[PDB]
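Novice: Would you mind keeping the following structure in view while I ask a few things?
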Amino acid sequence: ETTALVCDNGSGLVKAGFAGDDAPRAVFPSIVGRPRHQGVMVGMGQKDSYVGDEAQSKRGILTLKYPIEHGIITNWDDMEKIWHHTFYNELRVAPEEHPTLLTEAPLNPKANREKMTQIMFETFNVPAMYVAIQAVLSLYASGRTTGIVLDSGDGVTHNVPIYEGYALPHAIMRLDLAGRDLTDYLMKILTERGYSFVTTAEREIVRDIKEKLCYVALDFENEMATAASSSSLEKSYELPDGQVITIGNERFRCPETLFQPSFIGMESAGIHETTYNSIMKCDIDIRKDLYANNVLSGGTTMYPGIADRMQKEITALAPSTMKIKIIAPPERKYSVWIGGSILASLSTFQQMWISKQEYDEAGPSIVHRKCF
Amino acid sequence: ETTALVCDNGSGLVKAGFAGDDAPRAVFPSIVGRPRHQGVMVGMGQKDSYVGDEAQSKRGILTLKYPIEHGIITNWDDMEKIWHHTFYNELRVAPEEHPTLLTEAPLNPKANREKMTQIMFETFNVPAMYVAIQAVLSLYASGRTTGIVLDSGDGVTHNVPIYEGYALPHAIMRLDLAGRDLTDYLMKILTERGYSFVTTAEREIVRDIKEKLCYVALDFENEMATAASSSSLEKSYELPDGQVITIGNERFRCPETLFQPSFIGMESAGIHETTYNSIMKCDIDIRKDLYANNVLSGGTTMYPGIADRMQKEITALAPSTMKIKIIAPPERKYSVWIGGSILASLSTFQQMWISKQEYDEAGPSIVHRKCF
Amino acid sequence: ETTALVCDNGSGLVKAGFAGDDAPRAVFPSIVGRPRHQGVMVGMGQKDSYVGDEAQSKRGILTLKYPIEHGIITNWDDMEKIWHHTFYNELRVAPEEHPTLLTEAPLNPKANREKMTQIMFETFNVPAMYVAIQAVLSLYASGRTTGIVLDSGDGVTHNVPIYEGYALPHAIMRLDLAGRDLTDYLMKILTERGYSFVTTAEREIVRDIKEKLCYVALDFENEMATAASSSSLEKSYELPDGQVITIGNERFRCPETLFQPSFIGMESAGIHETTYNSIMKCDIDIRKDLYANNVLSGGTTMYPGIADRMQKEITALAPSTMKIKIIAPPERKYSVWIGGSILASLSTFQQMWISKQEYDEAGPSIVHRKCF
């Protein structure tokens, strides 16, 4: 059978590999570096485009750009570079031999779904392809046809009620606030403590810090009080040039913005609130199988202690005769990619692919007839 | 003798099973469903139509419709999906090896009797069949050959005087009000209290509520006053997604429409008025037994306290020297099916069947020669 | 005689003024703004509550709330703010000198009719008051005493057959889908085109767009085809920060949900269908005046080209020996308020008002003995 490349379009990490395997085989940063100055390398070759880990090692001399900003492809040129690198550098295979599965947000722009369909088929010459909602794949990785997924990426958070494998198009909710924003916010609040960070390279350390040291508090006022009353809510981090910095209440404050969007000046409601409001758009006999399967997904959900917080919050908004229970997969950061690996290796799914012939007949439009 | 399948054509519950048994083998909802959208399920085999407990549980994907509305078959294609489900899913038997007995309302349209007869001999290939009035079977199940039946079924209410055999064909009286419109009415009057409902998934819980909590008042003004003077005429119900609702005077108001059809814009006489107007058409030497034996039948008569109300009402209409009694069977919801189950087991009844040979010789017209 | 304030409880526009005038004298948005942040204004006074146009100018710094969501008062506090502003800011008069006429949906909750009666009388100290179903006033504004009104507001849609003084309570049909929903839907389908709107302020531009650019197609498939075959079904709109956006097929798709509720997951039937199913519950001797007088009312009906669509749809459901004809008033958006102004000006109507004494005797409950 044809080996399908599953490529998760994560906004701060690419996750890529082959279908039928239990885990991604390449996990690298979504970063394209291009030179700030030319002349840097003399006696050695210069290139102008570095991608992923190659770019990461050269960060000092590169201008980093993100291909995907807030789950939205913002530059077609940087999306292409990521792709060129995925196939030829990272997996070292011809894409033209391998069908492609691409991941997307709910309500991912149609003009974008098309430019993605077109770019894959004309330049890479893919034999077949498909595009699928991130949360639907994470639900298949959770072994379920039906449930509501809180998917919080490295850039967007969605609440996605799904039923018999279809995401409910009137009931889904979105929040632009997650891992990308979270770094920029963390950096702000550290400047406020007097650990000013103004350089973007230092920003990436702040990113790493965030992933390692942030934790979801179970009670925001009680932990805040604890940090005000004692310095036991602080963890040290040694910067790689030396210099020991102390990260305080910023640890739980940073992700606190997910529950209270007003802290960054939004009119948006919180991730627990949009969970509750999303299920309340659904019919009562499916509210049962939706509430019974509240699933966490994506990189932002890997902060410890999140389940007890989300269990709390949802039981407080929701009536005490729906079964409330948080499902947190063992490696929830990958559950989109794992769900794509499952879906692309089902014998029933092989009828669904966009073929090169259907693209030649209808142009990039074909995704809006084959994908749902 | 050959085992007869007895099918109760109920407008809200189908009742089904083998003849010669004291109670029905299958009691399931009168519902049929079809997909709301193109594409309906992933990871398991799709179906073009759904019935019974599968339609009641897998509800969210389905446009539900009802095969029998208002005591009348309203869509042939859904009545066939009930019958196909009944033989092959529920009783798991071949109907082509068994006679079939169908229940009906009085004054059933000739075109409907013919289309049912034709479906039985040509869709289901049956060796034999018969069709019988609900009230006649309920009276026979009660151990009697003479009396008047107030058959307040699922979808219609009928008044049916019977003597030493068959119903009196000139004396029968009808009202277009029973358990079907009772749900829709209940739902209206709850919106009025400020417990608005809009979803047909809510309407089926309102249905369940009605069956559990409605009660026939003995005195309508005195109970109404009691509820206006005190909140002791209210019972709580916890909905299946939490949220405790309080059902008030709606409990007795809902069924009050049976006595006063002007509450819902109808011109018709009430269940007691149509009882009296039916008995007054009967012959004087049998008026004695008809007034003495007033029999309750059907799902709508299972509200508590109905007998004392009906005893009252009929004694007020009819003179005080035919000695009125209400006969309420122990399981009066089922007496139609139980009467068919008893009757179809008798050696004297085996001469009444419409055979496949008589259908070959006379076509659909045969039912109007063989039925009474 | 006493000058009556007629106040239409519209869900996205308040319309208010004095009885006996031919048009509203204040037309402003139903919006209460309260501060997202305090500290915004330094050296100038801050207030915490802005209402109507005052709120509109300050939208950037305000959290907007609707007093009335889907024709249902959802917050008593925001309803009060609208009122306080109506009397003292907008009309600059003492309400305690002026009797009041309020407007409501059919089946408007009784607990709500009472909290409205109570709030008007205790706080505002009104001398007398009345409450009327929106559609019943729009019939009088159409110059008529019998007919069927379709009323589609900025939040709910109503079907209301009326005869010489009564609306028929069994024949009325309601749908929650109209102008409020229509904005939220429009916004979703624009994100889908790739004009993502995620901010609520931008939502209000989307509201304005909807009112200006939406049009009812006469044939949904033929216009849809036209937009697929040519870009001549698109109108430009320049956002007030600059940036020219192009609004496509969304123009006719947005209101298309009124004819096909399944587009947004609802189990309900279309506005045409519920017009037909409403008239078919009425008496045959009055149907002759109902079908001949389909009166259109409310803000959602002001999309061009509605009548030819409605004429079509209704003749297709209805027999061709009822005279079918759409009556669309010259300024149908105001017909509720105009009908209230007409009704409250009649010397025969001065006997109908709820008095302060009857409120002191019976509490808020008095409305159900005076309003019909």
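Labels for the structure tokens follow display order: chains A, B, ..., residues from 1 in each chain, ligands from 1.
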Write out as a PyMOL selection string each polymer residue whose atoms come within 6 Å of stretch 169-171 of chain C, counting only C-alpha atoms; drop sequence neighbours fewer than 3 positions from it.

Specialist: (chain B and resi 264) or (chain C and resi 278+281)

Novice: Include C-alpha atoms and write out the residues we just selected as a CSV table (one decimal), in the first residue's frame.

Specialist:
```csv
chain,number,residue,atom,x,y,z
B,264,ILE,CA,-56.7,24.2,21.6
C,278,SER,CA,-49.8,28.2,10.6
C,281,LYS,CA,-54.5,25.3,11.5
```

Novice: Counting only C-alpha atoms, what is within 12 Å of residue B:113, bar same-chain residues fewer than 3 positions away, as a ChimeraX atom specification?

Specialist: /B:72-73,76,102-110,116-120,129-133,364-371

Novice: Produce a file of the selected residues containing N, CA and C atoms, as a PDB file, in the first residue's frame.

Specialist:
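Result saved to selection.pdb:
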```
ATOM      1  N   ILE B  72     -53.601   7.767  11.730  1.00  0.00           N
ATOM      2  CA  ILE B  72     -53.609   7.512  10.283  1.00  0.00           C
ATOM      3  C   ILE B  72     -52.175   7.266   9.779  1.00  0.00           C
ATOM      4  N   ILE B  73     -51.998   6.313   8.861  1.00  0.00           N
ATOM      5  CA  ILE B  73     -50.747   6.034   8.251  1.00  0.00           C
ATOM      6  C   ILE B  73     -50.472   7.184   7.334  1.00  0.00           C
ATOM      7  N   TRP B  76     -46.260   5.673   3.784  1.00  0.00           N
ATOM      8  CA  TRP B  76     -46.176   4.265   3.531  1.00  0.00           C
ATOM      9  C   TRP B  76     -44.734   3.828   3.725  1.00  0.00           C
ATOM     10  N   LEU B 102     -53.276  -7.025  12.157  1.00  0.00           N
ATOM     11  CA  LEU B 102     -53.055  -5.580  12.226  1.00  0.00           C
ATOM     12  C   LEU B 102     -54.159  -4.900  13.052  1.00  0.00           C
ATOM     13  N   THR B 103     -53.788  -4.042  14.000  1.00  0.00           N
ATOM     14  CA  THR B 103     -54.755  -3.199  14.726  1.00  0.00           C
ATOM     15  C   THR B 103     -55.113  -1.949  13.912  1.00  0.00           C
ATOM     16  N   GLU B 104     -56.330  -1.426  14.061  1.00  0.00           N
ATOM     17  CA  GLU B 104     -56.760  -0.181  13.408  1.00  0.00           C
ATOM     18  C   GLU B 104     -57.724   0.652  14.265  1.00  0.00           C
ATOM     19  N   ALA B 105     -57.790   1.952  13.985  1.00  0.00           N
ATOM     20  CA  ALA B 105     -58.873   2.802  14.463  1.00  0.00           C
ATOM     21  C   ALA B 105     -60.192   2.496  13.712  1.00  0.00           C
ATOM     22  N   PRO B 106     -61.370   2.735  14.315  1.00  0.00           N
ATOM     23  CA  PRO B 106     -62.640   2.770  13.588  1.00  0.00           C
ATOM     24  C   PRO B 106     -62.643   3.741  12.393  1.00  0.00           C
ATOM     25  N   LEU B 107     -63.502   3.481  11.400  1.00  0.00           N
ATOM     26  CA  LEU B 107     -63.650   4.291  10.177  1.00  0.00           C
ATOM     27  C   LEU B 107     -62.327   4.507   9.399  1.00  0.00           C
ATOM     28  N   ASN B 108     -61.410   3.535   9.450  1.00  0.00           N
ATOM     29  CA  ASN B 108     -60.120   3.563   8.751  1.00  0.00           C
ATOM     30  C   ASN B 108     -60.324   3.659   7.217  1.00  0.00           C
ATOM     31  N   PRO B 109     -59.696   4.619   6.510  1.00  0.00           N
ATOM     32  CA  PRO B 109     -59.883   4.810   5.070  1.00  0.00           C
ATOM     33  C   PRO B 109     -59.674   3.549   4.219  1.00  0.00           C
ATOM     34  N   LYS B 110     -60.573   3.295   3.257  1.00  0.00           N
ATOM     35  CA  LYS B 110     -60.487   2.121   2.364  1.00  0.00           C
ATOM     36  C   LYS B 110     -59.162   2.042   1.593  1.00  0.00           C
ATOM     37  N   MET B 116     -52.135  -1.104   3.026  1.00  0.00           N
ATOM     38  CA  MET B 116     -51.577  -2.042   4.013  1.00  0.00           C
ATOM     39  C   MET B 116     -51.685  -3.510   3.570  1.00  0.00           C
ATOM     40  N   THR B 117     -52.849  -3.926   3.062  1.00  0.00           N
ATOM     41  CA  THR B 117     -53.092  -5.309   2.608  1.00  0.00           C
ATOM     42  C   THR B 117     -52.111  -5.716   1.501  1.00  0.00           C
ATOM     43  N   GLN B 118     -51.992  -4.874   0.477  1.00  0.00           N
ATOM     44  CA  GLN B 118     -51.056  -5.005  -0.573  1.00  0.00           C
ATOM     45  C   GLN B 118     -49.551  -5.074  -0.222  1.00  0.00           C
ATOM     46  N   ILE B 119     -49.091  -4.183   0.665  1.00  0.00           N
ATOM     47  CA  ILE B 119     -47.770  -4.246   1.306  1.00  0.00           C
ATOM     48  C   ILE B 119     -47.552  -5.587   2.026  1.00  0.00           C
ATOM     49  N   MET B 120     -48.519  -6.085   2.801  1.00  0.00           N
ATOM     50  CA  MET B 120     -48.360  -7.375   3.486  1.00  0.00           C
ATOM     51  C   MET B 120     -48.173  -8.537   2.494  1.00  0.00           C
ATOM     52  N   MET B 129     -53.443 -12.878   6.469  1.00  0.00           N
ATOM     53  CA  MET B 129     -53.583 -11.689   7.318  1.00  0.00           C
ATOM     54  C   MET B 129     -55.024 -11.397   7.766  1.00  0.00           C
ATOM     55  N   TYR B 130     -55.173 -10.531   8.767  1.00  0.00           N
ATOM     56  CA  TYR B 130     -56.450  -9.948   9.182  1.00  0.00           C
ATOM     57  C   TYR B 130     -56.237  -8.547   9.777  1.00  0.00           C
ATOM     58  N   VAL B 131     -57.300  -7.743   9.839  1.00  0.00           N
ATOM     59  CA  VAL B 131     -57.276  -6.379  10.394  1.00  0.00           C
ATOM     60  C   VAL B 131     -58.445  -6.204  11.368  1.00  0.00           C
ATOM     61  N   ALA B 132     -58.224  -5.601  12.540  1.00  0.00           N
ATOM     62  CA  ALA B 132     -59.243  -5.514  13.593  1.00  0.00           C
ATOM     63  C   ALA B 132     -59.227  -4.185  14.373  1.00  0.00           C
ATOM     64  N   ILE B 133     -60.416  -3.689  14.732  1.00  0.00           N
ATOM     65  CA  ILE B 133     -60.579  -2.442  15.495  1.00  0.00           C
ATOM     66  C   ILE B 133     -60.004  -2.587  16.911  1.00  0.00           C
ATOM     67  N   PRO B 364     -56.646  -6.435  -3.378  1.00  0.00           N
ATOM     68  CA  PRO B 364     -56.789  -5.667  -2.137  1.00  0.00           C
ATOM     69  C   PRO B 364     -58.231  -5.495  -1.622  1.00  0.00           C
ATOM     70  N   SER B 365     -59.246  -5.605  -2.491  1.00  0.00           N
ATOM     71  CA  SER B 365     -60.671  -5.478  -2.128  1.00  0.00           C
ATOM     72  C   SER B 365     -61.148  -6.488  -1.065  1.00  0.00           C
ATOM     73  N   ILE B 366     -60.428  -7.602  -0.886  1.00  0.00           N
ATOM     74  CA  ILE B 366     -60.803  -8.719  -0.006  1.00  0.00           C
ATOM     75  C   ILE B 366     -60.973  -8.320   1.473  1.00  0.00           C
ATOM     76  N   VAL B 367     -60.191  -7.353   1.965  1.00  0.00           N
ATOM     77  CA  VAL B 367     -60.241  -6.912   3.371  1.00  0.00           C
ATOM     78  C   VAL B 367     -61.626  -6.374   3.756  1.00  0.00           C
ATOM     79  N   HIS B 368     -62.321  -5.697   2.835  1.00  0.00           N
ATOM     80  CA  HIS B 368     -63.673  -5.170   3.064  1.00  0.00           C
ATOM     81  C   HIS B 368     -64.781  -6.240   3.028  1.00  0.00           C
ATOM     82  N   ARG B 369     -64.480  -7.467   2.575  1.00  0.00           N
ATOM     83  CA  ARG B 369     -65.379  -8.632   2.679  1.00  0.00           C
ATOM     84  C   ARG B 369     -65.137  -9.434   3.963  1.00  0.00           C
ATOM     85  N   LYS B 370     -63.873  -9.570   4.384  1.00  0.00           N
ATOM     86  CA  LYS B 370     -63.441 -10.451   5.493  1.00  0.00           C
ATOM     87  C   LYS B 370     -63.436  -9.773   6.872  1.00  0.00           C
ATOM     88  N   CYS B 371     -63.121  -8.479   6.953  1.00  0.00           N
ATOM     89  CA  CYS B 371     -63.104  -7.715   8.209  1.00  0.00           C
ATOM     90  C   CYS B 371     -64.486  -7.150   8.587  1.00  0.00           C
TER      91      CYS B 371
END
```

Novice: I need the alpha helix (DSSP H) residues of stretch 32-183 of chain B per DSSP on the backbone, written as a short mmCIF file (atom, residue, chain, number, x, y, z; two decimals) with N, CA, C and O atoms, in the first residue's frame.

Specialist:
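Output file part.cif is given in full below:
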```cif
data_model
loop_
_atom_site.label_atom_id
_atom_site.label_comp_id
_atom_site.auth_asym_id
_atom_site.auth_seq_id
_atom_site.Cartn_x
_atom_site.Cartn_y
_atom_site.Cartn_z
N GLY B 52 -36.55 2.51 15.57
CA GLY B 52 -36.66 2.01 16.95
C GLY B 52 -35.55 2.47 17.90
O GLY B 52 -35.13 3.63 17.86
N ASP B 53 -35.06 1.58 18.76
CA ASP B 53 -34.01 1.91 19.75
C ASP B 53 -32.68 2.35 19.11
O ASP B 53 -31.95 3.16 19.69
N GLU B 54 -32.35 1.89 17.89
CA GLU B 54 -31.20 2.40 17.15
C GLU B 54 -31.40 3.88 16.76
O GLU B 54 -30.50 4.69 16.96
N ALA B 55 -32.59 4.26 16.28
CA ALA B 55 -32.92 5.66 15.99
C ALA B 55 -33.04 6.53 17.25
O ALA B 55 -32.65 7.69 17.25
N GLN B 56 -33.56 5.98 18.36
CA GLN B 56 -33.70 6.68 19.64
C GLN B 56 -32.33 6.97 20.30
O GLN B 56 -32.16 8.00 20.94
N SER B 57 -31.36 6.06 20.15
CA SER B 57 -30.00 6.21 20.70
C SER B 57 -29.05 6.98 19.77
O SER B 57 -28.39 7.92 20.22
N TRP B 76 -46.26 5.67 3.78
CA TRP B 76 -46.18 4.27 3.53
C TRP B 76 -44.73 3.83 3.72
O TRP B 76 -44.53 2.76 4.35
N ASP B 77 -43.75 4.57 3.22
CA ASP B 77 -42.34 4.14 3.21
C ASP B 77 -41.74 3.98 4.62
O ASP B 77 -40.82 3.19 4.81
N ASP B 78 -42.25 4.72 5.61
CA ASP B 78 -41.82 4.61 7.00
C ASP B 78 -42.59 3.49 7.73
O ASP B 78 -42.00 2.77 8.54
N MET B 79 -43.87 3.27 7.42
CA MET B 79 -44.64 2.13 7.96
C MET B 79 -44.02 0.78 7.55
O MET B 79 -43.89 -0.12 8.38
N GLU B 80 -43.52 0.66 6.32
CA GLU B 80 -42.70 -0.48 5.89
C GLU B 80 -41.37 -0.63 6.66
O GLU B 80 -40.95 -1.76 6.91
N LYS B 81 -40.71 0.46 7.04
CA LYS B 81 -39.47 0.40 7.82
C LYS B 81 -39.72 -0.06 9.26
O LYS B 81 -38.95 -0.88 9.76
N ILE B 82 -40.84 0.33 9.88
CA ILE B 82 -41.30 -0.29 11.14
C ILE B 82 -41.52 -1.79 10.96
O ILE B 82 -41.05 -2.58 11.78
N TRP B 83 -42.24 -2.22 9.91
CA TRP B 83 -42.58 -3.64 9.77
C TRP B 83 -41.36 -4.51 9.42
O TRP B 83 -41.17 -5.56 10.04
N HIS B 84 -40.46 -4.04 8.55
CA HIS B 84 -39.18 -4.70 8.27
C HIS B 84 -38.31 -4.81 9.54
O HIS B 84 -37.79 -5.88 9.85
N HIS B 85 -38.24 -3.74 10.35
CA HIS B 85 -37.56 -3.78 11.65
C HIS B 85 -38.21 -4.79 12.61
O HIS B 85 -37.52 -5.60 13.23
N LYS B 110 -60.57 3.30 3.26
CA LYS B 110 -60.49 2.12 2.36
C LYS B 110 -59.16 2.04 1.59
O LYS B 110 -58.56 0.97 1.51
N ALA B 111 -58.66 3.17 1.09
CA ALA B 111 -57.37 3.23 0.39
C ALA B 111 -56.20 2.82 1.30
O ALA B 111 -55.33 2.05 0.89
N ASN B 112 -56.19 3.26 2.56
CA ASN B 112 -55.23 2.79 3.58
C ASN B 112 -55.34 1.39 3.96
O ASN B 112 -54.30 0.79 4.16
N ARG B 113 -56.54 0.80 4.10
CA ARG B 113 -56.70 -0.64 4.35
C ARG B 113 -56.16 -1.45 3.17
O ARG B 113 -55.44 -2.44 3.35
N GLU B 114 -56.45 -1.01 1.95
CA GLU B 114 -55.93 -1.61 0.73
C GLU B 114 -54.40 -1.50 0.61
O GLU B 114 -53.78 -2.49 0.22
N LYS B 115 -53.76 -0.37 0.99
CA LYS B 115 -52.34 -0.24 0.76
C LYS B 115 -51.68 -1.04 1.77
O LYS B 115 -50.73 -1.75 1.39
N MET B 116 -52.14 -1.10 3.03
CA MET B 116 -51.58 -2.04 4.01
C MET B 116 -51.69 -3.51 3.57
O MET B 116 -50.71 -4.25 3.65
N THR B 117 -52.85 -3.93 3.06
CA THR B 117 -53.09 -5.31 2.61
C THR B 117 -52.11 -5.72 1.50
O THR B 117 -51.42 -6.73 1.60
N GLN B 118 -51.99 -4.87 0.48
CA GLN B 118 -51.06 -5.01 -0.57
C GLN B 118 -49.55 -5.07 -0.22
O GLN B 118 -48.89 -6.06 -0.62
N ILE B 119 -49.09 -4.18 0.67
CA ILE B 119 -47.77 -4.25 1.31
C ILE B 119 -47.55 -5.59 2.03
O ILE B 119 -46.51 -6.21 1.85
N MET B 120 -48.52 -6.08 2.80
CA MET B 120 -48.36 -7.37 3.49
C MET B 120 -48.17 -8.54 2.49
O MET B 120 -47.25 -9.34 2.65
N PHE B 121 -49.00 -8.62 1.44
CA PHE B 121 -48.91 -9.71 0.46
C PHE B 121 -47.78 -9.56 -0.59
O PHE B 121 -47.36 -10.57 -1.15
N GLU B 122 -47.27 -8.35 -0.85
CA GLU B 122 -46.32 -8.09 -1.95
C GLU B 122 -44.96 -7.52 -1.50
O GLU B 122 -43.95 -7.81 -2.14
N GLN B 134 -59.22 -1.59 17.34
CA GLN B 134 -58.54 -1.56 18.64
C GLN B 134 -59.47 -1.89 19.83
O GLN B 134 -59.20 -2.79 20.61
N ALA B 135 -60.61 -1.19 19.91
CA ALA B 135 -61.61 -1.37 20.96
C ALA B 135 -62.18 -2.79 21.06
O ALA B 135 -62.35 -3.30 22.17
N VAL B 136 -62.45 -3.45 19.93
CA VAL B 136 -63.00 -4.82 19.90
C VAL B 136 -62.01 -5.79 20.54
O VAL B 136 -62.38 -6.58 21.40
N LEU B 137 -60.72 -5.66 20.20
CA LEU B 137 -59.66 -6.46 20.81
C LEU B 137 -59.50 -6.15 22.31
O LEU B 137 -59.48 -7.08 23.11
N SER B 138 -59.47 -4.87 22.72
CA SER B 138 -59.40 -4.50 24.14
C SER B 138 -60.56 -5.08 24.97
O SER B 138 -60.35 -5.56 26.08
N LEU B 139 -61.78 -5.08 24.43
CA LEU B 139 -62.93 -5.66 25.11
C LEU B 139 -62.79 -7.19 25.23
O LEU B 139 -62.98 -7.73 26.33
N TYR B 140 -62.38 -7.88 24.16
CA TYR B 140 -62.16 -9.33 24.20
C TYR B 140 -61.04 -9.71 25.18
O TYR B 140 -61.20 -10.66 25.95
N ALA B 141 -59.96 -8.94 25.24
CA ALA B 141 -58.88 -9.13 26.22
C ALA B 141 -59.37 -9.00 27.67
O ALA B 141 -58.89 -9.69 28.56
N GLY B 179 -52.65 11.23 22.96
CA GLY B 179 -51.23 11.33 23.29
C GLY B 179 -50.29 12.06 22.31
O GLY B 179 -49.30 12.64 22.76
N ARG B 180 -50.57 12.07 21.00
CA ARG B 180 -49.78 12.79 19.98
C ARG B 180 -49.81 14.30 20.21
O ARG B 180 -48.80 14.88 20.60
N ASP B 181 -50.97 14.94 20.05
CA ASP B 181 -51.11 16.38 20.26
C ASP B 181 -50.92 16.82 21.72
O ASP B 181 -50.62 17.98 21.97
N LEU B 182 -51.03 15.90 22.69
CA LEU B 182 -50.84 16.15 24.08
C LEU B 182 -49.43 16.56 24.37
O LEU B 182 -49.26 17.48 25.26
N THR B 183 -48.40 15.96 23.69
CA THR B 183 -47.03 16.36 23.80
C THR B 183 -46.81 17.72 23.24
O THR B 183 -46.11 18.55 23.89
#
```

Novice: Any idea what's packed within 10 Å of residue B:295, counting only C-alpha atoms, ignoring anything in its chain fewer than 2 positions away? Could you give it as a PyMOL selection string?

Specialist: chain B and resi 135+138-139+142+147-151+159-161+290-293+297+307+325-329+332

Novice: Show which residues sit within 9 Å of residue C:11, as a list in words. Count only C-alpha atoms, and ignore same-chain residues fewer than 4 positions away.

Specialist: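 Contacts, with the query itself left out: residues 29, 30, 66, 67, 68, 69, 70, 71, 72, 73, 153, 154, 155, 156, 179 and 180 of chain C.
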
Novice: Do me a favour and pick out the residues of chain B within 9 Å of chain C, using only C-alpha atoms, as a short mmCIF file (atom, residue, chain, number, x, y, z; two decimals) with N, CA, C and O atoms, in the first residue's frame.

Specialist:
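Contents of iface.cif, freshly written:
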```
data_model
loop_
_atom_site.label_atom_id
_atom_site.label_comp_id
_atom_site.auth_asym_id
_atom_site.auth_seq_id
_atom_site.Cartn_x
_atom_site.Cartn_y
_atom_site.Cartn_z
N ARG B 36 -29.38 13.55 8.02
CA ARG B 36 -29.55 15.01 7.86
C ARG B 36 -28.67 15.63 6.77
O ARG B 36 -29.02 16.69 6.24
N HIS B 37 -27.55 14.99 6.42
CA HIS B 37 -26.55 15.48 5.46
C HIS B 37 -25.99 14.35 4.59
O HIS B 37 -26.10 13.18 4.94
N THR B 63 -32.90 12.97 10.57
CA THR B 63 -34.25 13.53 10.42
C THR B 63 -35.24 12.46 10.88
O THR B 63 -35.53 11.54 10.11
N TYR B 185 -48.99 20.15 22.77
CA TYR B 185 -49.66 21.04 23.71
C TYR B 185 -48.91 21.27 24.98
O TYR B 185 -48.92 22.37 25.42
N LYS B 188 -46.06 23.64 24.33
CA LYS B 188 -46.50 25.04 24.20
C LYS B 188 -46.65 25.73 25.57
O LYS B 188 -46.05 26.78 25.82
N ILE B 189 -47.36 25.08 26.49
CA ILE B 189 -47.72 25.60 27.80
C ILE B 189 -46.57 25.71 28.82
O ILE B 189 -46.59 26.61 29.63
N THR B 191 -43.52 26.58 27.45
CA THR B 191 -42.84 27.77 26.88
C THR B 191 -43.46 28.97 27.54
O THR B 191 -42.78 29.91 27.86
N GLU B 192 -44.81 28.88 27.72
CA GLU B 192 -45.55 29.90 28.40
C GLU B 192 -45.18 30.16 29.80
O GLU B 192 -45.18 31.30 30.29
N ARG B 193 -44.74 29.12 30.53
CA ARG B 193 -44.20 29.23 31.89
C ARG B 193 -42.78 29.78 31.88
O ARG B 193 -42.32 30.35 32.85
N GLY B 194 -42.11 29.69 30.75
CA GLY B 194 -40.79 30.21 30.60
C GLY B 194 -39.80 29.12 30.59
O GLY B 194 -38.60 29.39 30.66
N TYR B 195 -40.20 27.85 30.40
CA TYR B 195 -39.34 26.74 30.12
C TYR B 195 -39.49 26.45 28.68
O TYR B 195 -40.14 25.49 28.41
N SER B 196 -38.89 27.36 27.78
CA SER B 196 -39.02 27.24 26.34
C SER B 196 -38.25 26.02 25.88
O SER B 196 -37.11 25.73 26.26
N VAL B 198 -37.66 23.95 21.85
CA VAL B 198 -37.70 24.20 20.38
C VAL B 198 -37.28 22.96 19.58
O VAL B 198 -37.79 22.68 18.50
N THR B 199 -36.33 22.20 20.12
CA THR B 199 -35.73 21.01 19.51
C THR B 199 -36.71 19.83 19.57
O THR B 199 -37.32 19.59 20.61
N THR B 200 -36.82 19.00 18.54
CA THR B 200 -37.61 17.77 18.64
C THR B 200 -36.94 16.74 19.58
O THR B 200 -37.62 15.95 20.21
N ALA B 201 -35.62 16.84 19.78
CA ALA B 201 -34.92 16.15 20.87
C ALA B 201 -35.38 16.58 22.28
O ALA B 201 -35.31 15.78 23.21
N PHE B 263 -59.97 24.57 24.36
CA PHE B 263 -58.66 25.01 24.88
C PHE B 263 -57.58 25.10 23.78
O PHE B 263 -56.64 25.88 23.91
N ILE B 264 -57.72 24.33 22.69
CA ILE B 264 -56.74 24.25 21.58
C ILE B 264 -57.36 24.57 20.21
O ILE B 264 -56.87 24.13 19.17
N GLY B 265 -58.45 25.35 20.20
CA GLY B 265 -59.09 25.86 18.98
C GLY B 265 -59.96 24.86 18.21
O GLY B 265 -60.47 25.20 17.14
#
```

Novice: I want to know what sits within 12 Å of residue A:47, based on only C-alpha atoms, with residues of the same chain fewer than 5 positions away left out; could you give that as a list in words?

Specialist: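 Answer for this query is residues 33, 34, 35, 37, 38, 39, 40, 41, 42, 54, 55, 58, 61 and 62 of chain A.
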
Novice: Write out as a VMD selection string each polymer residue whose atoms come within 12 Å of residue C:211, counting only C-alpha atoms; drop sequence neighbours fewer than 6 positions from it.

Specialist: chain C and resid 12 154 178 to 180 182 to 183 186 204 to 205 251 to 252 254 to 255 299 to 304 333
